[PDB]
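Given next, in structure tokens, is a single chain: the form deposited in one PDB entry.
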């Protein structure tokens, strides 16, 4: 009796990305002049050596601009947020418990419009953020804000960190594939109000986050068994993995404290990622008989430019493999979990725009990686779609 129920309940084909929409706070913050702004707004003009280090960090970041909910007016009204370490969680939380779902809604509406089907057909909702927590969560807020059915099955992923663009895909794959008819709205939405803080010369690692983190949200519709010529596949998920790199304890830490979310880098993250990326690639692609990593399309979380440079160096990737990744890092900075989903959007849009054969830059197979605390690597093996 349960065998028959199980058989009828499950989907049949691979989880597929059917729509992608993104959104960012309207405030565009130029990187070239950020050092000057940031040292002024934090009342840190007298830390001249630290300022010169930050200017160097920003000039090497390979980020031209970021979008930030935080403005000069907001920062003036919250001096504790501008100090390196002052009680400020309540103020930050008040900002992000609202802005995370507001921004996620904007991205989600775009994805739902692209999908083109009734929102009442969304059966599952995954919401992911590293900024702020609340009860009921941002998943409940987004259900109310979008008018989803009350029986949407929710997955609230909080405080995950940068690898979680990969995690939401690994999660969505199983929800979609094990449930016939399931249609999963996936929303990653990240806002740096929780991480922004002033500079301190004995905390240079913290300072790196101030050069790299940006705001944004991305939404997907994921489903198996797409209805031919109603729904339009963009990418198919085939296999996923998550692992912890050896010898990386405490490489990236982040505590949610009375002074907001801190950020620490205690180890060489670019070196750890680069030393462990081959292992991740042969786990994923050796069963498919592929060993040429220039023959697949690439999406990599751009935690900072050095991760990308060292990966490309280690593997001998052609410089163009990381073009889609670098273009997102350039125009939006590191948006934690959302980043990789902006990169999928950029790649399929550019592939379509340029008349390539597939959504994966003309190639059949591809890989998406998330990197973050642990040190954690998430791997998602993708197959592109024709046209």
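Positions refer to the first chain, counted from 1.
Here the subject shifts to the form solved in complex with a small molecule, a form of this protein not shown in this document.
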* Counting only heavy atoms and a 4.5 Å cutoff, which of 220 to 228, 267 to 275, 242 to 250, 286 to 294 contacts the small molecule in the deposited bound form? -> 267 to 275
* To do: May I ask you to state whether residue 199 is within 4.5 Å of the small molecule in the deposited bound form, using heavy atom distances?
  => no
* To do: Evaluate residue 81 for contact with the small molecule in the deposited bound form, applying a 4.5 angstroms cut-off between non-hydrogen atoms, and reply yes or no.
  => no
* **Contact flag, residue 213 vs the small molecule in the deposited bound form, heavy atom cut 4.5 Å** => yes
* 4.5 angstroms heavy atom contact with the small molecule in the deposited bound form for residue 65 -> no
* Asked: Three residues, 56, 61 and 303; all within 4.5 Å of the small molecule in the deposited bound form via heavy atoms?
  -> yes
* Structure fact -> Answer key, the small molecule contact in the deposited bound form at 4.5 Å (heavy atoms) among 85, 145, 204, 74: the residue is 204
* Quick one: of 112, 208, 281, 182, which gets a non-hydrogen atom within 4.5 angstroms of the small molecule in the deposited bound form? -> 208
